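Worksheet for the structure shown next.
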Amino acid sequence: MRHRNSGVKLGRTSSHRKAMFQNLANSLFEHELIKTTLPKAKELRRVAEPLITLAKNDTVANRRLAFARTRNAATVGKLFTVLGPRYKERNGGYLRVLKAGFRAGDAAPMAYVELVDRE
Amino acid sequence: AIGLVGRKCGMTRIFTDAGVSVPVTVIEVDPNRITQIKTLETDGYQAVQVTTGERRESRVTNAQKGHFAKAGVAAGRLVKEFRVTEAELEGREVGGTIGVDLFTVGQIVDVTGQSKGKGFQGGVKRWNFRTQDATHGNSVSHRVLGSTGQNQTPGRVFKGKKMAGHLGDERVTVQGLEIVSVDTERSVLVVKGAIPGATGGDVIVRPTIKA
Amino acid sequence: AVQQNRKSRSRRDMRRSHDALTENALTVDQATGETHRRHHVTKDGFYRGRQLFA
Amino acid sequence: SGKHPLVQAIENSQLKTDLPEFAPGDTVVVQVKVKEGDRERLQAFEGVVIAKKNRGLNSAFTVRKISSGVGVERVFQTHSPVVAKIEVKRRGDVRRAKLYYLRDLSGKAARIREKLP
Amino acid sequence: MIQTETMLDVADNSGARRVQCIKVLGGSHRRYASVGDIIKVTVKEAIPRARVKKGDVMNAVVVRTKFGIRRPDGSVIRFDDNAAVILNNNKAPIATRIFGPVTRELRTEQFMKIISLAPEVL
RNA sequence: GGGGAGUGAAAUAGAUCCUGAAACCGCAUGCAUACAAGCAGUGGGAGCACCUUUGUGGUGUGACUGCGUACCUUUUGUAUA
RNA sequence: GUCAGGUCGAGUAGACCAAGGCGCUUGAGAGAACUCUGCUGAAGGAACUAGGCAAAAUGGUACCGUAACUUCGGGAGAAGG
RNA sequence: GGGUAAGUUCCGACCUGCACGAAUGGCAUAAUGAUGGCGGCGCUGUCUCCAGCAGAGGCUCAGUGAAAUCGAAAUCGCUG
RNA sequence: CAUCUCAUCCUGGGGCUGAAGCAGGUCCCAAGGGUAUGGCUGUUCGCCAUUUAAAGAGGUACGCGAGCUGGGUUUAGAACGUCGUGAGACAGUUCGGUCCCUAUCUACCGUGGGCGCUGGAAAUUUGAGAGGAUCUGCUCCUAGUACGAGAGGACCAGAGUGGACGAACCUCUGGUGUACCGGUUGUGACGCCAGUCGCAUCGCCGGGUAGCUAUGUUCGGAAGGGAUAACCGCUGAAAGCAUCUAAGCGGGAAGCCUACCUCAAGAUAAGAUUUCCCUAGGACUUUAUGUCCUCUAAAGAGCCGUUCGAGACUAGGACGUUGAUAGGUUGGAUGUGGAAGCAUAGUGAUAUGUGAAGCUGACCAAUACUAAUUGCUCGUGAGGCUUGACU
Ligand SMILES: [Mg+2]
Ligand SMILES: [Mg+2]
Ligand SMILES: [Mg+2]
Ligand SMILES: [Mg+2]
Ligand SMILES: [Mg+2]
Ligand SMILES: [Mg+2]
Ligand SMILES: [Mg+2]
Ligand SMILES: [Mg+2]
Ligand SMILES: [Mg+2]
Ligand SMILES: [Mg+2]
Ligand SMILES: [Mg+2]
Ligand SMILES: [Mg+2]
Ligand SMILES: [Mg+2]
Ligand SMILES: [Mg+2]
Ligand SMILES: [Mg+2]
Ligand SMILES: [Mg+2]
Ligand SMILES: [Mg+2]
Ligand SMILES: [Mg+2]
Ligand SMILES: [Mg+2]
Ligand SMILES: [Mg+2]
Ligand SMILES: [Mg+2]
Ligand SMILES: [Mg+2]
Ligand SMILES: [Mg+2]
Ligand SMILES: [Mg+2]
Ligand SMILES: [Mg+2]
Ligand SMILES: [Mg+2]
Ligand SMILES: [Mg+2]
Ligand SMILES: [Mg+2]
Ligand SMILES: [Mg+2]
Ligand SMILES: [Mg+2]
Ligand SMILES: [Mg+2]
Ligand SMILES: [Mg+2]
Ligand SMILES: [Mg+2]
Ligand SMILES: [Mg+2]
Ligand SMILES: [Mg+2]
Ligand SMILES: [Mg+2]
Ligand SMILES: [Mg+2]
Ligand SMILES: [Mg+2]
Ligand SMILES: [Mg+2]
C-alpha cells in the first residue's frame with residue numbers, strides 16, 4: 001500500500017536518486033530550458049523551487065545552505081545574483097512543465113522544463 | 001429506521017469528570033434535505049429519499065436537475081433512501097430537513113461506511129493463514145497457500161475456497177455504538193469508538209437494529 | 001506445465017479479440033494551423049500562444 | 001495543529017488552561033487522584049521526566065522513579081483530570097529530548113546535572 | 001505478557017528465588033498472563049532450608065511485568081522485571097513478607113493479604 | 001521495395017527467375033452464430049442469399065430435431081485413464 | 001610468471017583515494033499478491049525442529065588471573081576481569 | 001540410580017553375553033578431529049505470531065523473441 | 001489448507017434408575033458451533049507432566065510432495081554381531097549420503113471487455129436467490145433456601161465479568177518510518193582556515209512526522225416468530241372398560257425456516273419509481289420498422305488533462321479557469337534540540353550570550369504563481385403489429 005505517500009523511486013537507490021535530481025537542478029539553472037522524461041520533470045519542481053525560494057534572501061547562511069544542497073559554486077552565484085532577484089515578487093510557481101511527445105529509442109513520454117520569464 | 005448521512009471527520013478523545021478517556025469519532029452532518037417520499041401506492045414500499053452536501057451546477061445533469069427542482073431542495077453530492085414505516089413517516093414532507101437532533105445522548109446506533117481498500121492481498125492477510133517454516137530447509141514456500149484440495153476424489157477445487165484476492169473497499173456496518181455528544185450549533189455527532197472508512201468518506205448513522 | 005492438445009485456430013483468434021489498437025487525441029492548433037497531439041507541444045515548439053526555442 | 005478545524009474546536013473545549021512549564025530532565029512530583037469506591041485521596045509520584053509529547057489534548061509525559069529497589073515508569077496524560085497537580089522540584093541539564101539511556105544505568109551513573117541559572 | 005518458559009523473580013519470602021512458567025491457567029489455548037493472573041510454575045532456585053524446594057510445581061500470581069498495565073485514562077505503568085508470589089492449592093498466598101511495589105489490580109478479596117503486606121501499592 | 005515506360009511470343013518468364021501441389025497464414029463476399037452442455041457427423045428440416053426457369057429446378061448456408069463415446073495395435077475383454 | 005604509489009595499519013588484510021582505466025549492448029514507468037537479497041522490531045527467549053539448521057552473538061592491544069587431568073611439552077587465548 | 005514438571009536418547013551400575021574377548025588384537029589413555037551422541041551459559045524472527053521498510057523481479061508501455069508437449073475438439077457438476 | 005459421515009467427546013432436549021440432594025449409570029433425539037500445550041522417540045501410535053466444557057470415532061489414492069520438508073525405509077562408501085571355503089548375505093544393528101517442470105484445458109479466487117434487456121439517457125431502488133456468522137467458562141443472586149440425621153447442596157429465574165474466534169479502526173500504548181533533526185570514526189574533495197559534501201550495510205549511533213500496523217482500541221455472536229424430533233398430553237371410539245389416534249384439539253431442542261450482516265434483475269421471467277432528450281425536406285421501388293440524396297447531431301457518454309485515503313492493468317471517486325484538482329508560496333503545528341557569523345572567558349580542548357535558535361517528507365488552513373486549452377469522437381431526428389379497456 002501507498003496511502004498518502006510522497007516521493008518517487010524511479011528505479012534507483014536513494015543516493016543515486018538524490019544525485020540525479022541535484023544534477024538536473026544544476027542543468028536547469030544553467031540553461032533555463034531542458035528536456036527530460038515527464039515523471040522526472042514533475043518531481044524536479046519539488047527539488048528546484050525551494051532553492052529559488054531560498055535564494056531570495058542573500059545572507060551567508062543562505063548561501064552556505066545553497067552550497068550544501070547544490071555543491072556547485074556557479075549555481076550559487078547565479079541564484080543570488082540573477083534568479084533570486086528576478087522572482088523576488090512572484091509567489092511560487094517558477095517553472096513550467098510541458099508535454100513533448102515520446103522518445104524514439106524508448107517510446108518514453110517526454111517533457112520540456114523551462115523557467116517562467118526566461119530570455 | 002430513519003437516519004443521517006454524514007462525513008467522517010476524524011477521531012478524538014473525551015475525558016470525563018471521573019478521568020476516564022473515551023475514544024470517539026467525529027461525524028459532520030450537513031442537514032439532510034428530503035427529495036422524495038416513496039409510498040405503497042406508487043412504489044410498493046415506504047421510504048424517504050434524502051440528499052446532502054452541495055454540487056456545482058456544471059456537474060449536475062439535466063435529469064438530476066429536474067428531479068431536484070421538482071422538490072424545493074438544492075442539489076447535493078449524493079442521494080440515499082431510508083426504509084421507514086408510518087408513525088415514522090409522520091411529519092416528513094418534500095422540502096423538509098433532518099438534523100442532528102434526531103438523535104440523543106446515550107442512544108445506541110449502527111454506523112455503516114466503506115472500509116479502506118488494501119488492494120490485492122494474500123492468504124496471510126486476507127484469511128489469517130499461518131506461514132510455513134522460515135529456515136528449516138524450506139525452499140520458496142513461506143506465505144504460499146499450501147494444499148488446495150484432495151486427490152481425484154473429488155478431483156476439483158471446491159467453491160468458496162479461501163485464496164488470494166482483493167481486500168477491503170466494501171460496505172461495513174458497526175453495531176452497538178453510543179452517542180457521546182450532539183452538538184447542534186456546529187452540526188456534529190460524536191460517537192464512541194471506530195467506524196469504517198477513511199477520513200472524509202460518507203457514513204450512515206441509524207438507530208440500532210438489535211435494541 | 002504444457003498442453004495435452006494443440007489449440008484450434010478458432011480458440012487462438014478468440015483470445016486475440018482484445019488485441020486491437022486505438023487512436024490518440026489529435027487537435028488542430030488554429031493559432032498555427034497544424035495537427036498536434038492534444039495537450040502537447042507541437043513538432044516545432046508551439047503551445048497555447050507561446051514559442052519555445054525561437 | 002495537524003487536525004481538521006472541527007476536531008480542534010472540539011478538543012479546545014477541554015484543555016487545562018494553566019499547566020507549569022517543564023522539560024525532560026527535570027524532577028517533578030505528580031499528585032494523582034485515587035478512589036477505592038467511596039473514599040478519595042491523592043497519592044504522590046516523584047521522579048525524573050524521561051520523555052514528553054506535545055499534541056495539544058493528546059499530550060503526555062513519562063516519569064521514572066525507583067521504589068523499593070524496582071524501577072517504575074508511568075506515562076501520564078497531561079490534560080487528564082486524574083492528574084491533580086504537577087510541581088517541578090529540580091531542573092536538569094540534558095542534551096537530548098528522550099532520556100531512555102537512563103533505563104540501563106543505576107546509582108551514581110544515573111545522576112543528572114542540575115541546571116543552574 | 002507472561003507465557004510458558006518465562007522466568008520470574010519471587011517477590012515474597014517463602015523460599016524461592018527463580019520460578020519458571022509451565023502453564024498459563026484459565027482457558028483453552030490461552031496465551032498470556034498479566035498482573036492478577038494465576039500461573040503454574042516450577043521452582044528453579046531456592047534457599048537452603050525453606051518450605052519450598054528446588055524442583056517443586058506450585059501455583060503463583062503475577063504481580064509485576066515489563067509489558068505494562070493500562071489504566072482508564074490511557075496511561076501505562078511498566079516495571080523493570082517480572083515477579084510473582086507463590087500460593088497454596090487453595091490459591092492463598094503463603095508468605096509473611098512482600099518485597100517491592102504492587103499495583104491496585106490485586107485489590108480483590110483473595111489477594112488482599114499481598115496488598116496489606118506490600119511496601120507500596122500503585 | 002515498388003509504380004509507370006521499354007524489351008520480348010510470354011515479365012504472377014525480372015534474376016530467391018520452367019511448371020508451381022499440400023500442410024500453414026491473410027484480405028474480400030454470402031449465410032449462420034452471444035439462454036446453450038459432450039468424437040462435431042448422420043437422417044430429417046424451416047428460413048435467407050444468388051442463379052435461373054414460369055420448376056415437384058441448381059448453388060451456398062443451416063434455426064430446430066431423432067440417433068450417435070476417434071483410428072491403429074494387442075487382448076478373455078478397450079470410449080478406455 | 002613480472003610490476004604494483006598515498007593516509008591509517010603488523011600487513012600484498014581492510015576503508016577511502018593516485019597514476020591508469022571504466023559505468024559491464026534493451027530501456028521507460030508503476031510501486032499489488034508472491035519470490036529472491038537485506039535492515040529494524042513490543043513482551044517472551046529453543047516453547048521451533050529429526051537436529052539451535054539458519055540467524056543473532058564473540059572479536060584488538062596492554063596488564064591482572066586461570067581448574068581437573070597429563071606422555072610434563074601441554075591443556076591455555078582455559079574460564080574471568 | 002542421576003539429570004527434567006515430564007527423558008524409547010544420555011551418563012553410572014547390575015550380568016540374564018539371543019550372538020564379547022586378547023596383533024581380522026583386548027582393556028585404557030594426554031593431545032588432536034569441518035567425526036557420532038547428550039547436557040549447560042550467552043544470544044537471538046527458529047518459534048508464540050508476525051509487522052514495517054530498502055533493492056532485484058512480478059505488472060504496464062516500446063523493441064527483439066524461445067521451450068517441453070500436441071489423434072482431433074463445439075474441452076461443466078453430481079449420482080450410476 | 002481442508003471437506004464429508006454419525007456408530008455423539010462438550011454444549012442442547014428427554015425416558016428409566018438399586019434416581020433423597022449434588023453427582024452418576026444406561027438408553028433415545030440431536031452434526032449448529034467447538035473439540036490442548038509440552039518431555040521421549042523418525043514415528044503414526046504409546047507412556048508421562050500440566051491444562052480444558054471437552055481433549056470424539058471415522059471416509060476422502062491409509063485427503064493433500066507439478067503446495068513445502070526429507071528424520072525412517074529401500075542404490076553406490078565403511079564397520080559390528082551372525083551365516084558362508086569364498087565372491088557375498090541378513091528375525092539385524094551402526095555412521096554418511098542431488099526431491100526437476102515458466103500452467104494449455106477443467107476447477108477455484110479476484111478484476112475487466114462485448115452484446116442483450118421492444119426509442120435513448122441520468123439517478124434511486126424491490127428482492128427470487130446466494131454466502132457469512134452460530135462456541136463456552138467463572139462469580140454474584142434467588143438461597144446456605146427445597147432436599148438431607150448429618151455432611152453436603154439444587155431445579156426454574158436474573159446480574160456481572162472472562163477465554164477462544166472474527167471484523168473494523170489508529171484517539172491512546174508501542175513497532176516501523178533508507179526523501180526529517182542531531183552526535184561521532186576513517187578517508188577524499190570543495191584553494192586554505194572555518195564551514196559541509198561523497199563513500200564506507202542508511203558507515204555507525206540517538207531520536208522521530210505521516211502512512212501502515214498488533215502486542216493497542218472499540219464492537220459482534222442479543223431478543224423474538226413459525227413448523228418439528230425424541231418425549232408429555234386433552235377428549236375418544238374401534239374393543240360397554242382401557243387407551244396421546246383411528247376423527248378432532250395441544251406442548252416440545254444449541255437442530256430446520258425466518259430473524260442479524262454482505263452480495264444479488266445475464267432473476268434471458270432481463271422487475272419498479274423520479275426526471276431529462278429527440279417533432280427537416282426531396283425523390284423511390286425487392287411494397288415494408290424498404291432504399292437513396294441534402295438538412296440535422298439533442299439528453300448524454302467517452303478520448304484527453306490535474307489527480308486520489310481507489311488501484312497489478314482495468315474499473316471506481318473528485319476536479320478542468322464561472323477552478324483549490326495537483327505542485328509551489330505564505331501562516332500554523334510537529335520533530336530535533338541550542339545553526340552560521342560574531343562577541344566574551346580560557347594556554348588549550350571547550351563553554352557561554354546573541355536566541356529554544358536554525359532546519360524540518362507525507363499534516364491542517366489559506367492563496368490562481370505553474371499545469372488542468374483552443375477541442376475531437378460516439379450517441380439521432382418520436383420509436384412494428386395484434387387484441388382488450390378507458391377516452
Ligand atoms: Mg497523495
Ligand atoms: Mg525498470
Ligand atoms: Mg551510501
Ligand atoms: Mg488503496
Ligand atoms: Mg532447491
Ligand atoms: Mg527463503
Ligand atoms: Mg467428475
Ligand atoms: Mg481469421
Ligand atoms: Mg501465370
Ligand atoms: Mg516460377
Ligand atoms: Mg439466441
Ligand atoms: Mg461444452
Ligand atoms: Mg495387456
Ligand atoms: Mg489383460
Ligand atoms: Mg464397448
Ligand atoms: Mg481423457
Ligand atoms: Mg524480539
Ligand atoms: Mg526487547
Ligand atoms: Mg523441543
Ligand atoms: Mg513441537
Ligand atoms: Mg550454524
Ligand atoms: Mg552473522
Ligand atoms: Mg531432546
Ligand atoms: Mg570382534
Ligand atoms: Mg587372532
Ligand atoms: Mg585432519
Ligand atoms: Mg514486450
Ligand atoms: Mg444418532
Ligand atoms: Mg504427544
Ligand atoms: Mg531439553
Ligand atoms: Mg496418503
Ligand atoms: Mg533419509
Ligand atoms: Mg555397501
Ligand atoms: Mg497508532
Ligand atoms: Mg507511527
Ligand atoms: Mg577543516
Ligand atoms: Mg570507492
Ligand atoms: Mg510552510
Ligand atoms: Mg550541523
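Each chain of the C-alpha cells is named A, B, ... in the order shown, its residues numbered from 1; ligands are numbered from 1 in display order.
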
Please identify which residues in chain A DSSP calls helix (DSSP H, G or I) from the backbone, and express them as JSON, numbers by chain. {"A": [14, 15, 16, 17, 18, 19, 20, 21, 22, 23, 24, 25, 26, 27, 28, 29, 30, 31, 38, 39, 40, 41, 42, 43, 44, 45, 46, 47, 48, 49, 50, 51, 52, 53, 54, 60, 61, 62, 63, 64, 65, 66, 67, 68, 69, 70, 73, 74, 75, 76, 77, 78, 79, 80, 81, 82, 83, 84, 85, 86]}

Worksheet item: Can you tell me which residues sit at most 12 Å away from ligand 6, counting only C-alpha atoms (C1' of nucleotides) and all ligand atoms, written as number ranges by chain?
Response: B: 132-144; G: 35-37, 54; I: 68

Selected residues, N, CA and C atoms (P, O5', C5', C4', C3', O3' and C1' of nucleotides), written as a PDB file, in the first residue's frame, please.
```
ATOM      1  N   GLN B 132       4.616 -20.958   6.841  1.00  0.00           N
ATOM      2  CA  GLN B 132       5.393 -22.176   6.964  1.00  0.00           C
ATOM      3  C   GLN B 132       6.785 -21.858   7.489  1.00  0.00           C
ATOM      4  N   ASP B 133       7.554 -22.917   7.745  1.00  0.00           N
ATOM      5  CA  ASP B 133       8.910 -22.788   8.268  1.00  0.00           C
ATOM      6  C   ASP B 133       9.683 -21.718   7.514  1.00  0.00           C
ATOM      7  N   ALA B 134      10.450 -20.922   8.248  1.00  0.00           N
ATOM      8  CA  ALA B 134      11.269 -19.905   7.608  1.00  0.00           C
ATOM      9  C   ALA B 134      12.633 -20.452   7.212  1.00  0.00           C
ATOM     10  N   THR B 135      13.316 -21.121   8.135  1.00  0.00           N
ATOM     11  CA  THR B 135      14.618 -21.730   7.864  1.00  0.00           C
ATOM     12  C   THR B 135      14.663 -23.090   8.547  1.00  0.00           C
ATOM     13  N   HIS B 136      14.151 -24.122   7.883  1.00  0.00           N
ATOM     14  CA  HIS B 136      14.496 -25.499   8.228  1.00  0.00           C
ATOM     15  C   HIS B 136      14.565 -26.352   6.975  1.00  0.00           C
ATOM     16  N   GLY B 137      15.147 -25.824   5.905  1.00  0.00           N
ATOM     17  CA  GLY B 137      15.120 -26.467   4.615  1.00  0.00           C
ATOM     18  C   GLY B 137      14.030 -25.998   3.678  1.00  0.00           C
ATOM     19  N   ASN B 138      13.128 -25.128   4.126  1.00  0.00           N
ATOM     20  CA  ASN B 138      12.044 -24.643   3.283  1.00  0.00           C
ATOM     21  C   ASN B 138      12.584 -23.960   2.036  1.00  0.00           C
ATOM     22  N   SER B 139      12.011 -24.286   0.876  1.00  0.00           N
ATOM     23  CA  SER B 139      12.586 -23.710  -0.328  1.00  0.00           C
ATOM     24  C   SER B 139      12.051 -22.326  -0.696  1.00  0.00           C
ATOM     25  N   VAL B 140      10.855 -22.242  -1.266  1.00  0.00           N
ATOM     26  CA  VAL B 140      10.360 -20.950  -1.728  1.00  0.00           C
ATOM     27  C   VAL B 140       8.917 -20.776  -1.286  1.00  0.00           C
ATOM     28  N   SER B 141       8.567 -21.362  -0.148  1.00  0.00           N
ATOM     29  CA  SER B 141       7.178 -21.511   0.276  1.00  0.00           C
ATOM     30  C   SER B 141       7.038 -21.008   1.704  1.00  0.00           C
ATOM     31  N   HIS B 142       6.795 -19.715   1.841  1.00  0.00           N
ATOM     32  CA  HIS B 142       6.686 -19.070   3.136  1.00  0.00           C
ATOM     33  C   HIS B 142       5.290 -18.536   3.393  1.00  0.00           C
ATOM     34  N   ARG B 143       4.752 -17.751   2.463  1.00  0.00           N
ATOM     35  CA  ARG B 143       3.418 -17.183   2.578  1.00  0.00           C
ATOM     36  C   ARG B 143       2.484 -17.733   1.514  1.00  0.00           C
ATOM     37  N   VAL B 144       2.814 -18.892   0.955  1.00  0.00           N
ATOM     38  CA  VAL B 144       2.030 -19.551  -0.082  1.00  0.00           C
ATOM     39  C   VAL B 144       0.866 -20.303   0.553  1.00  0.00           C
TER      40      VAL B 144
ATOM     41  P     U G  35       6.371 -16.111  -0.601  1.00  0.00           P
ATOM     42  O5'   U G  35       7.554 -15.998  -1.650  1.00  0.00           O
ATOM     43  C5'   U G  35       7.871 -17.087  -2.495  1.00  0.00           C
ATOM     44  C4'   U G  35       8.972 -16.759  -3.464  1.00  0.00           C
ATOM     45  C3'   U G  35      10.237 -16.183  -2.889  1.00  0.00           C
ATOM     46  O3'   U G  35      11.034 -17.131  -2.211  1.00  0.00           O
ATOM     47  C1'   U G  35       9.674 -14.995  -4.825  1.00  0.00           C
ATOM     48  P     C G  36      11.873 -16.688  -0.927  1.00  0.00           P
ATOM     49  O5'   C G  36      13.187 -16.054  -1.538  1.00  0.00           O
ATOM     50  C5'   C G  36      13.973 -16.765  -2.478  1.00  0.00           C
ATOM     51  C4'   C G  36      14.902 -15.840  -3.216  1.00  0.00           C
ATOM     52  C3'   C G  36      15.817 -15.000  -2.350  1.00  0.00           C
ATOM     53  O3'   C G  36      16.960 -15.709  -1.916  1.00  0.00           O
ATOM     54  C1'   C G  36      14.835 -13.635  -4.002  1.00  0.00           C
ATOM     55  P     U G  37      17.491 -15.589  -0.409  1.00  0.00           P
ATOM     56  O5'   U G  37      18.247 -14.192  -0.357  1.00  0.00           O
ATOM     57  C5'   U G  37      19.390 -13.961  -1.163  1.00  0.00           C
ATOM     58  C4'   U G  37      19.811 -12.517  -1.143  1.00  0.00           C
ATOM     59  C3'   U G  37      19.896 -11.864   0.221  1.00  0.00           C
ATOM     60  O3'   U G  37      21.093 -12.185   0.903  1.00  0.00           O
ATOM     61  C1'   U G  37      18.756 -10.434  -1.266  1.00  0.00           C
ATOM     62  P     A G  54      23.831 -23.823   9.593  1.00  0.00           P
ATOM     63  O5'   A G  54      22.885 -22.584   9.295  1.00  0.00           O
ATOM     64  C5'   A G  54      22.366 -22.327   8.002  1.00  0.00           C
ATOM     65  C4'   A G  54      21.301 -21.267   8.057  1.00  0.00           C
ATOM     66  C3'   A G  54      21.734 -19.940   8.659  1.00  0.00           C
ATOM     67  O3'   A G  54      22.366 -19.103   7.704  1.00  0.00           O
ATOM     68  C1'   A G  54      19.757 -20.658   9.714  1.00  0.00           C
TER      69        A G  54
ATOM     70  P     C I  68       6.384 -28.429  -3.802  1.00  0.00           P
ATOM     71  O5'   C I  68       7.202 -28.160  -2.469  1.00  0.00           O
ATOM     72  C5'   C I  68       7.756 -26.888  -2.177  1.00  0.00           C
ATOM     73  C4'   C I  68       7.982 -26.708  -0.699  1.00  0.00           C
ATOM     74  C3'   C I  68       8.867 -27.735  -0.020  1.00  0.00           C
ATOM     75  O3'   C I  68      10.249 -27.505  -0.204  1.00  0.00           O
ATOM     76  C1'   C I  68       6.937 -27.401   1.281  1.00  0.00           C
TER      77        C I  68
END
```

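Taking only C-alpha atoms (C1' of nucleotides), the non-local environment of range 34-44 of chain H within 8 Å (same-chain residues fewer than 6 positions away omitted) comprises residues 45, 55, 56 and 57 of chain G; 9 and 10 of chain H; 95 of chain I.
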
Could you save the residues just selected, with N, CA, C and O atoms (P, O5', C5', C4', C3', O3' and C1' of nucleotides), as a PDB file, in the first residue's frame?
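Written file, part05.pdb:
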```pdb
ATOM      1  P     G G  45      12.222 -14.962  29.310  1.00  0.00           P
ATOM      2  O5'   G G  45      12.778 -15.947  28.203  1.00  0.00           O
ATOM      3  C5'   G G  45      12.101 -17.149  27.862  1.00  0.00           C
ATOM      4  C4'   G G  45      12.654 -17.740  26.593  1.00  0.00           C
ATOM      5  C3'   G G  45      14.126 -18.120  26.649  1.00  0.00           C
ATOM      6  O3'   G G  45      14.338 -19.239  25.796  1.00  0.00           O
ATOM      7  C1'   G G  45      13.813 -16.493  24.981  1.00  0.00           C
ATOM      8  P     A G  55      23.188 -17.799   8.138  1.00  0.00           P
ATOM      9  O5'   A G  55      22.043 -16.772   8.548  1.00  0.00           O
ATOM     10  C5'   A G  55      22.323 -15.515   9.133  1.00  0.00           C
ATOM     11  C4'   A G  55      21.261 -15.162  10.133  1.00  0.00           C
ATOM     12  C3'   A G  55      21.732 -14.374  11.344  1.00  0.00           C
ATOM     13  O3'   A G  55      21.726 -12.981  11.102  1.00  0.00           O
ATOM     14  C1'   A G  55      20.495 -16.252  12.058  1.00  0.00           C
ATOM     15  P     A G  56      22.973 -12.064  11.495  1.00  0.00           P
ATOM     16  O5'   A G  56      22.859 -11.897  13.071  1.00  0.00           O
ATOM     17  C5'   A G  56      21.762 -11.224  13.660  1.00  0.00           C
ATOM     18  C4'   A G  56      21.613 -11.567  15.118  1.00  0.00           C
ATOM     19  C3'   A G  56      22.841 -11.381  15.991  1.00  0.00           C
ATOM     20  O3'   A G  56      23.038 -10.038  16.387  1.00  0.00           O
ATOM     21  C1'   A G  56      21.891 -13.480  16.433  1.00  0.00           C
ATOM     22  P     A G  57      24.511  -9.431  16.514  1.00  0.00           P
ATOM     23  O5'   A G  57      25.214 -10.317  17.634  1.00  0.00           O
ATOM     24  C5'   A G  57      24.898 -10.174  19.010  1.00  0.00           C
ATOM     25  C4'   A G  57      25.508 -11.280  19.833  1.00  0.00           C
ATOM     26  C3'   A G  57      27.020 -11.248  19.975  1.00  0.00           C
ATOM     27  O3'   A G  57      27.437 -10.400  21.027  1.00  0.00           O
ATOM     28  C1'   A G  57      26.327 -13.428  19.382  1.00  0.00           C
TER      29        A G  57
ATOM     30  P     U H   9      16.722 -45.624  25.032  1.00  0.00           P
ATOM     31  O5'   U H   9      17.416 -44.322  24.440  1.00  0.00           O
ATOM     32  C5'   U H   9      17.663 -44.167  23.052  1.00  0.00           C
ATOM     33  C4'   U H   9      18.296 -42.834  22.770  1.00  0.00           C
ATOM     34  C3'   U H   9      19.564 -42.530  23.548  1.00  0.00           C
ATOM     35  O3'   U H   9      20.721 -43.129  23.001  1.00  0.00           O
ATOM     36  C1'   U H   9      18.121 -40.682  23.687  1.00  0.00           C
ATOM     37  P     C H  10      21.891 -43.673  23.956  1.00  0.00           P
ATOM     38  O5'   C H  10      22.249 -42.449  24.907  1.00  0.00           O
ATOM     39  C5'   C H  10      23.087 -41.398  24.458  1.00  0.00           C
ATOM     40  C4'   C H  10      23.446 -40.443  25.565  1.00  0.00           C
ATOM     41  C3'   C H  10      24.223 -41.016  26.729  1.00  0.00           C
ATOM     42  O3'   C H  10      25.596 -41.167  26.434  1.00  0.00           O
ATOM     43  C1'   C H  10      22.498 -39.622  27.535  1.00  0.00           C
TER      44        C H  10
ATOM     45  P     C I  95      23.729 -44.240  14.021  1.00  0.00           P
ATOM     46  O5'   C I  95      24.674 -43.283  13.166  1.00  0.00           O
ATOM     47  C5'   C I  95      25.838 -42.704  13.730  1.00  0.00           C
ATOM     48  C4'   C I  95      26.922 -42.456  12.706  1.00  0.00           C
ATOM     49  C3'   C I  95      26.543 -41.713  11.439  1.00  0.00           C
ATOM     50  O3'   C I  95      26.326 -40.325  11.596  1.00  0.00           O
ATOM     51  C1'   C I  95      27.919 -43.520  10.877  1.00  0.00           C
TER      52        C I  95
END
```

*Identify, on the basis of only C-alpha atoms (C1' of nucleotides), every residue whose closest approach to range 11-14 of chain D does not exceed 9 Å; exclude the query and any residue fewer than 4 positions from it along the same chain; express the result as a PyMOL selection string.*
(chain B and resi 12-15) or (chain D and resi 6-7+56-57+79)

If I take CA of residue 56 in chain B and CA of residue 196 in chain B, how far is one from the other in Å, to one decimal?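 That distance, rounded to one decimal, is 28.0 Å.
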
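What chain D places within 9 Å of chain I, counting only C-alpha atoms (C1' of nucleotides), is residues 1, 2, 3, 4, 5, 54, 55, 58, 95, 96, 97 and 98 of chain D.
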
Query raised in the report: Residues at most 10 Å from ligand 2, using only C-alpha atoms (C1' of nucleotides) and all ligand atoms? Could they come as a PyMOL selection string?
Result: (chain A and resi 10-12) or (chain G and resi 27-30) or (chain H and resi 56-57)

Of F:32, F:25, F:15, F:72, the one nearest to chain C when counting only C-alpha atoms (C1' of nucleotides) is F:25

Within 10 Å of residue 72 in chain D, counting only C-alpha atoms (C1' of nucleotides), which residues show up once you throw out same-chain ones fewer than 6 positions away? Write them as a list in words, please.
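Those residues are residues 47, 63, 64, 65 and 66 of chain D; 66, 77, 78, 79, 80, 81, 101 and 122 of chain E.
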
Next item on the list: Using only C-alpha atoms, select each residue of chain D with any atom at most 9 Å away from an atom of chain E, and give the selection as a PyMOL selection string.
Entry: chain D and resi 43+60+67-77+80-82+103

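Going from CA of residue 19 in chain B to CA of residue 102 in chain B covers 29.1 Å.
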